[PDB]
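The data below hold one chain only, encoded as structure tokens and taken in the form deposited in one PDB entry.
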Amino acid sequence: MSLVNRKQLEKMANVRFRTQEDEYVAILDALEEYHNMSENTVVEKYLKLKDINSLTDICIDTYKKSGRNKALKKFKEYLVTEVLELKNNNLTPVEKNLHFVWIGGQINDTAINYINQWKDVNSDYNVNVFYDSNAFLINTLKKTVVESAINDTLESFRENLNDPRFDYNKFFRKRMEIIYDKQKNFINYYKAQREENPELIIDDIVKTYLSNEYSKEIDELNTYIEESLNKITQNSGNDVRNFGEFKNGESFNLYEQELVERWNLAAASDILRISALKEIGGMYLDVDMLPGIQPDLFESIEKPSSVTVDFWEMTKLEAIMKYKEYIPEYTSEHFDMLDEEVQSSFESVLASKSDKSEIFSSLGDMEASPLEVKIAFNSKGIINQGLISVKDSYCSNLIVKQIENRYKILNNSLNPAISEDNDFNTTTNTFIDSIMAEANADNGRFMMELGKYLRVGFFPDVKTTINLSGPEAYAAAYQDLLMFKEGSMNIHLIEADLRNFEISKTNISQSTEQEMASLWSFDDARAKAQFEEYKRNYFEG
């Protein structure tokens, strides 16, 4: 399963009676010396593969009317196969680090209780829980602002709360306008202050703002900052403000854009996590992820037919937490819908086990390609809630580059829109017009997905983050890898290509309670339920 030799290819692209051009002879040359490269690093072999590819597309280019073009194009495919061979066969130890991120406010007990499960079965792994010591008040800032906007929109309706269609669609639309205006009022303040006193940290600007505009007590905010700092210190805290390579890189301004202006802590988390992986190596996990259940644990209990495979994965966890109680206040919602007979079997199995290690598996020694970042999977494809990479992996670099390039395209259209000082609607329309003018056949779908950006976290079903800093940057990077290029914007890879980068399902339990509620986004059914709750509160409060 090695790949084609110098004269093995030379008989493949043999065209009768016609001379061998310089750029063709370069392919063969580079190909032979690749086979003498069993001294070189895994990266050096990829870069030799990239170049053979860069010479082959340059041979075709110059000779559009060449008989070699059929074999020259079949060779380009053999090169892809070889990357996949280079990746799977040449594995190095993954650094024993677990990376979590919680930024924007205090860490809640739930996250720590999830994190501690990883701690309890991975004593040989170092754990970082990343926080930003300048920015404990963003979550407070957003919540105050959203609630102020909730109350203002309801003040607008009220005499029309009954009817007709002052429905949940209309509410979130109006609320968006108010939110935009408040956010832009804060952003303007932030920038006025940073220009005046460049020494002021995020939280200083924020608490002064909350005091001036929402009558919050600075003393209580200060107390909150001090408690949050103490709590994260007690829990493997690691400060973004001491991560120097991150502070000084080209992604820090983007990270702050998301933190300070957009209040999207998931997008800020996306930008930081890949950088942690690039700089330290190891395994990244969202705080709503729990260890993998032992393969042979529930092997005696059979999934009944009246149950989703995903319902079953949820119940497996809930049965562990009902009987072993590892995580307090874990839901039993789905477990309780089972039979007597089926609930009995779970207790009976969760009985013969005494150690947490008989329930949850350990990561132990892991290995990956110096080329790759491994990514978790769910039914909708790849997902960056789990990631594995060795320090300075080739992909970690390609993913960083993808994210920065995606932001460069966004900010190029967004910023001129914003720096005209208009309301939500006009700014949206200018922004979209601009995105539309810069769109082309290469970046089309991605551009369509960018136009909802001003609404992220504030309106139902707005997922822009996925295309900017999330899973799509990862797919683009894998395509960069497999196509010997950089800057893919048009994803043509299918499921089978991406499967090469999967973390095995046994290493993570993804079907957790906290996974089932998104911190940066919300669907329509949730938006409807929220609307109705807010009306009641307004009526009763």
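Numbers follow the displayed sequence, beginning with 1. Only the largest set of C-alpha atoms that superpose within 1.5 Å between the two forms is called the rigid core.
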Output the stretch having the higher mean C-alpha B factor in the entry; the candidates are 427-435 and 302-310. 302-310
Going by the B-factors listed in the PDB entry, is the mean over the C-alpha atoms higher for 456-464 or for 158-166? 158-166
Within-chain third of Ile58 by Cα B-factor, per the entry: highest
Sorting the chain's CA B-factors, does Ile383 end up in the lowest, middle or highest third? middle
Split into thirds by Cα B-factor across the chain's modelled residues, where does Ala26 land: lowest, middle or highest? highest
Taking the entry's C-alpha B-factors for this chain, is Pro93 in the lowest, middle or highest third? middle
Per the entry's values, where does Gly451 land by CA temperature factor relative to the rest of its chain, in the lowest, middle or highest third? highest
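A second form of this protein, the form deposited in another entry, is not displayed here; the remarks below concern that form.
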Position that moves between this form and the one not shown after core superposition, taken from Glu367, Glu279, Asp167, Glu226, with Cα shift of 2 Å or more: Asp167
Using a rigid core alignment, state whether the CA of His492 is displaced by 2 Å or more between this form and the one not shown. no
For a quick test of reading the superposition: does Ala517 move by 2 Å or more at the CA between this form and the one not shown, rigid core aligned? no
Did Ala529 shift 2 Å or more between this form and the one not shown, C-alpha, core superposed: no
